[PDB]
Amino acid sequence: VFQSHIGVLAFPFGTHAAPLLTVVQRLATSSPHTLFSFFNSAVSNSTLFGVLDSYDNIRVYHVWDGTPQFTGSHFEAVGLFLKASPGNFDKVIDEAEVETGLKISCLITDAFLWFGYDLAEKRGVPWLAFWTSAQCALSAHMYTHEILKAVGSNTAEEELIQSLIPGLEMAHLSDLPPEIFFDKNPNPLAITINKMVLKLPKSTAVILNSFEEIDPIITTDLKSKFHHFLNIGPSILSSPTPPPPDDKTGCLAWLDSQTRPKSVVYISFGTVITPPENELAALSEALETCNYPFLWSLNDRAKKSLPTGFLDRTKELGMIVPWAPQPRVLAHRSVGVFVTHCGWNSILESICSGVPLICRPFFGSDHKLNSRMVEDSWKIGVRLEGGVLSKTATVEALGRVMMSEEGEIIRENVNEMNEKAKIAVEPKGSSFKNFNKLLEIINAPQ
Ligand SMILES: O=c1ccn([C@@H]2O[C@H](COP(=O)(O)OP(=O)(O)O[C@H]3O[C@H](CO)[C@@H](O)[C@H](O)[C@H]3O)[C@@H](O)[C@H]2O)c(=O)[nH]1
């Protein structure tokens, strides 16, 4: 017998849908008189959907992704999806209400889906926005109007941000998400993100898979901008997953064979980016030179293009796989450092295991800002000389993290940040309390 019905609208691209589903599952676990309907593309849903994931109170729906009836590009697909919005979702929300017999009482959406505000307003329900990155990235976007008003789109560098954005004084204009400055015939995603900024102050709550204590001053600032600003993470600590009885990748058996704690260099650039094959070569040379053991998530093509005899010579030193069980890898006692593209989920996984970072961010999104925070605010890792994996830059970064006095300070900082994350999700912790507040908002008087 359900009393409340929460509609949840995902953004079906990048690493957006999974973190939102995780929050839905956490809320569903605690909300047995509340029904949750999750709306996403059929293609995304087929990647996301065992005993702990079969909820009596979660229904899954597909919405039209806007493609004709993929042959075109990821870029193309995102534009068609946004062109079909919000009518694609509106039609399916009706179906969920008819099938369940319960009108929606609340709408949670990815924060990118600005039109969640319009759908919630039309239905006379609260809109809750789930931001899929850290507070620092959200703050950068929220100051878009003030940034553009101060310096325009086309002295400002290292003066404006330190005067304007609480807690981002260490960031440069060139660290900020580039979509802030894309206002000439903006692409559909830039349009969507700038409409998000305009709507978010009319959210009933903004929800983050972060913890307040990673950036107290930014958190306090954003609490002043939003009705409710609710850091509820890290989800991976609040809500662990039982260890799978096996690991078909071989990674964990290989890490178990390592004889030195904190010795292994784990390398991943995410699900999409591959560095250019001359940068992969430079990294391969640094690994052979430094003789740290390594575990590298790299696609089989890129691997086949590494330098002649590198794979044969390093057979007994490193393991290269097309996919790693990354959270399980980072939790392994043998891992000493993570060479990352500075995606938020990767950084947060690293914090949650006390693994320091070597940062190689690529263009777009919040990766460059995250790299700045890692080196100059959080102080849980280092960036590279020239922002590339040159052999000299890579040997230098590995030395700074693995065998310097600066390295010992970085490891105390990442251990302290791990402790703050754990405290946040335990009873009386900031994230624990914020998640109870979120339950009060969604489940209403009861
Ligand atoms: O072999 C691998 C490689 C990656 N991962 C996982 O893949 C995810 C990668 O996510 P993330 O580190 O956040 O990278 P991006 O998806 O590039 O992240 C950017 O884009 C996301 C939306 O697409 C935003 O939510 C992020 O904040 C933003 O930083 C993580 O959970 C990793 O554990 C694996 O499990 N195995």
Side-chain angles (χ1 to χ4, degrees), residues 10-23 40-41 44 47-48 74-75 77-78 81 110-113 129-141 175-179 189 192-193 196 207-210 214 231 233-237 241 244 247-252 254-255 266-275 294-300 302-303 319-332 335 338-353 355 357 359-374 381:
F11 182 72
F13 302 102
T15 49
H16 280 251
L20 180 55
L21 179 58
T22 297
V23 173
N40 188 21
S41 74
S44 177
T47 74
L48 298 176
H74 162 246
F75 176 73
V78 169
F81 163 83
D110 196 298
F112 277 25
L113 303 185
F130 180 67
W131 174 249
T132 63
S133 298
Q135 304 96 297
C136 51
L138 181 54
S139 180
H141 280 110
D175 300 326
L176 297 189
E179 332 86 73
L189 189 50
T192 307
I193 296 169
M196 169 195 81
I207 306 158
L208 274 75
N209 181 32
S210 189
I214 205 177
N231 283 273
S235 290
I236 197 158
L237 295 181
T241 211
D247 161 37
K248 300 302 176 62
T249 69
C251 289
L252 294 183
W254 183 88
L255 293 170
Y266 172 65
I267 306 146
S268 178
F269 299 100
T271 62
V272 177
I273 301 159
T274 67
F294 61 90
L295 175 63
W296 188 356
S297 183
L298 183 68
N299 74 70
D300 288 334
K303 180 167 68 182
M319 183 174 179
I320 306 179
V321 294
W323 184 88
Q326 169 166 307
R328 303 183 69 196
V329 166
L330 289 168
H332 198 281
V335 174
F338 178 13
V339 177
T340 182
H341 79 305
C342 302
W344 175 242
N345 297 283
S346 290
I347 290 168
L348 188 60
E349 291 160 11
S350 212
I351 287 168
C352 288
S353 287
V355 176
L357 296 149
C359 296
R360 195 324 186 172
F362 289 75
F363 175 84
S365 191
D366 61 349
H367 299 130
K368 201 154 318 164
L369 178 58
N370 285 347
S371 78
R372 179 70 59 204
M373 301 305 282
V374 164

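One-based numbering along the sequence shown. Counting convention: from 1, in listed order, for ligands and their atoms alike.
- Of all the heavy atoms of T132, the ones lying under 4.0 Å from any atom of ligand 1 are found in both the backbone and the side chain.
- Side chain of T249 to main chain of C251: a donor-acceptor pair is present (N/O by atom type, distance under 3.5 Å, no hydrogens or angles).
- The nearest non-hydrogen atom to atom 30 (C) of ligand 1, considering only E349, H367, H16, comes from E349.
- In terms of protein heavy atoms, atom 4 (C) of ligand 1 is closest to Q326 OE1, 3.7 Å.
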Derivation and outcome, side-chain contact (heavy atoms from CB on, under 4.5 Å), residues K303 and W296: CA-CA 10 Å; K303 180 167 68 182; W296 188 356; over 6 Å; no
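- Atom numbering of ligand 1 starts at 1 in the shown order; those under 4.0 Å from a heavy atom of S133 are 24 (C), 26 (C), 27 (O).
- If you look at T271 next to ligand 1, the close heavy atoms, those under 4.0 Å, all belong to the side chain.
- Looking at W344, its side chain never comes within 3.5 Å of a backbone N or O of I347 through a donor-acceptor pair.
- Ring-plane geometry between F11 and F81 is classed as perpendicular, the angle between the planes exceeding 60 degrees on a 0 to 90 degree scale with a lower cut at 30.
- The closest donor-acceptor contact from the side chain of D175 to the backbone of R372 lies at 3.5 Å or more, if one exists at all.
- Within the listing of ligand 1, atoms 12 (O), 14 (O), 15 (P), 17 (O) sit less than 4.0 angstrom from a heavy atom of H341.
- Within 4.0 Å of atom 6 (C) of ligand 1, not a single protein heavy atom is present.
- Shown in contact with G14 at under 4.0 Å from a heavy atom are these atoms of ligand 1, numbered in order with element: 23 (O).
- Closest protein heavy atom to atom 12 (O) of ligand 1: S346 OG, 2.7 Å.
- Between the side chain of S210 and the main chain of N231, no donor-acceptor pair closer than 3.5 Å is present.
- In terms of polar-atom proximity, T15 is counted as a contact of ligand 1, with an N or O under 3.5 Å from an N or O of the ligand.
- Judged purely by atom type and a 3.5 angstrom limit, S346 has no side-chain atom pairing as donor or acceptor with the backbone of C342.
- Classified by interplanar angle (parallel below 30°, tilted 30° to 60°, perpendicular above 60°), the ring pair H141/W131 is perpendicular.
- At the top of the distance list for atom 29 (O) of ligand 1, counting protein heavy atoms only, stands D366 OD1, 2.7 Å.
- The main-chain N or O of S44 is found under 3.5 Å from a side-chain atom of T47 such that the two form a donor-acceptor pair.
- Only the side chain of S297 comes within contact range of ligand 1, with a heavy atom under 4.0 Å; no backbone atom does.
- Closest to atom 34 (C) of ligand 1 by heavy atom, among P19, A324, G364, is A324.
- Of all the heavy atoms of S268, the ones lying under 4.0 Å from any atom of ligand 1 belong exclusively to the side chain.
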